[PDB]
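Below: one structure, written as structure tokens.
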Amino acid sequence: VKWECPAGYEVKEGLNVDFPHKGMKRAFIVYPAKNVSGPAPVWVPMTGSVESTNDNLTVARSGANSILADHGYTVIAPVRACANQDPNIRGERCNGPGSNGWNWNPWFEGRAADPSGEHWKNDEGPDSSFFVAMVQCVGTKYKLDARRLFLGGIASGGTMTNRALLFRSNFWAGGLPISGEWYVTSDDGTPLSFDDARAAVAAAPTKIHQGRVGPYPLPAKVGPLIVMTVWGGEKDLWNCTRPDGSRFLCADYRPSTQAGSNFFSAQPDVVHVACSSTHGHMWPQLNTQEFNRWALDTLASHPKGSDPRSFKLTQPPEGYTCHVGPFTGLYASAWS
Ligand SMILES: CCCCCCCC(=O)O
């Protein structure tokens, strides 16, 4: 990991704007760690389709992620490109289908189902590379622990976490994809509709499924990571909105959290922790701050390059059930 900023960029506490990356001007917010001497572990939280970055950082029901700074983490939170650097934008011009080959507009988190997405089969995209540049620049002003760089988020932010872990597994130490998509495809890369993708995992729940969220094909081996995937239970679903305002089911996070857990659990240098709750599709609601503290400290207990055999899971807060490995309570087992 190298600490460097675009020439002349002056990083500051709080809001940073006009950060140049791949022809775009990006923004992000920095909360330096509290009560920490020396390099601090890093948390890069990402909002979803409708909550603003400020909501994700400061509103309790959205996770109040900036509070992890009070927990000893330097929080570096990116603003979505679609928000045009405004951390208060919610769903305006963000909550909807993507353009330029991207599937969904909040983040560059998955290739679209039509051929315009072809190019993103093996190019991480501008958000994944921006986040690396962002953290590398902040690290010139604040002492960051290069073995404890973690990112994570909810919904589309969870999808982005999955993408970033798959394309930058030699940078991040791990992540927290909460109710993110995998955009399951056939083994040959063919995009599947929501319904067909949902059925593909139900038909082979323990297999590693390809997906538009990542490289095609997915990498045979990723760098060392700890990944904690969170499913919100039976109601962890998303209904999209048509131009006329009507709603329709367009995502089910049971197959996508399962698929992500299957891929990461099979990786030899990855510790995968599968967590289930019952709060639905939104930031964890039960004992929210206890969960954020437990989850980030669990990730930090496995610094990059740590032996997976040395990992020891501790009990999560009331309202969560977690274990190392793939999800097991989402689909009936083979042996049953
Ligand atoms: C084309 C359908 C994509 C659904 C994305 C759902 C994003 C969310 O859960 O915030």
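Just follow the structure's listing: the first ligand is 1, and inside any ligand the first atom is 1. Both backbone and side-chain heavy atoms feed into the values below; hydrogens, waters and symmetry mates do not. Residues take their numbers from the sequence shown, with the count starting at 1.
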Which atoms from ligand 1 have a heavy atom of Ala155 less than 4.0 Å away?
-> 8 (C), 9 (O), 10 (O)
Which atoms of ligand 1 sit under 4.0 Å from any heavy atom of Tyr253?
->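 Near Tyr253, the atoms of ligand 1 are 6 (C), 7 (C), 8 (C), 9 (O).
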What I want to know is whether [X] and ligand 1 share at least one N or O pair that is separated by under 3.5 angstrom.
X: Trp104; answer: no
X: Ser49; answer: yes
X: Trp238; answer: no

Which one holds for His281 and ligand 1: side chain close, backbone close, both close, or neither close, with close meaning a heavy atom under 4.0 Å?
-> side chain
Using a 4.0 Å heavy-atom threshold (strictly under), name the region of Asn103 that reaches ligand 1: side chain, backbone, both or neither.
-> side chain
Considering all heavy atoms of both residues, which atom of [X] and which atom of [Y] are nearest to each other, and what is their separation?
X: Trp107; Y: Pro78; answer: CH2-O, 3.4 Å
X: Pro215; Y: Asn122; answer: CB-OD1, 3.8 Å
X: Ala27; Y: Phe130; answer: O-CZ, 3.8 Å

Hey, is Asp127 close enough to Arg80 for a salt bridge, meaning N to O under 4.0 Å?
->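 No.
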Does the side chain of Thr314 come under 3.5 Å of the side chain of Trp294 through a donor N or O and an acceptor N or O?
-> yes
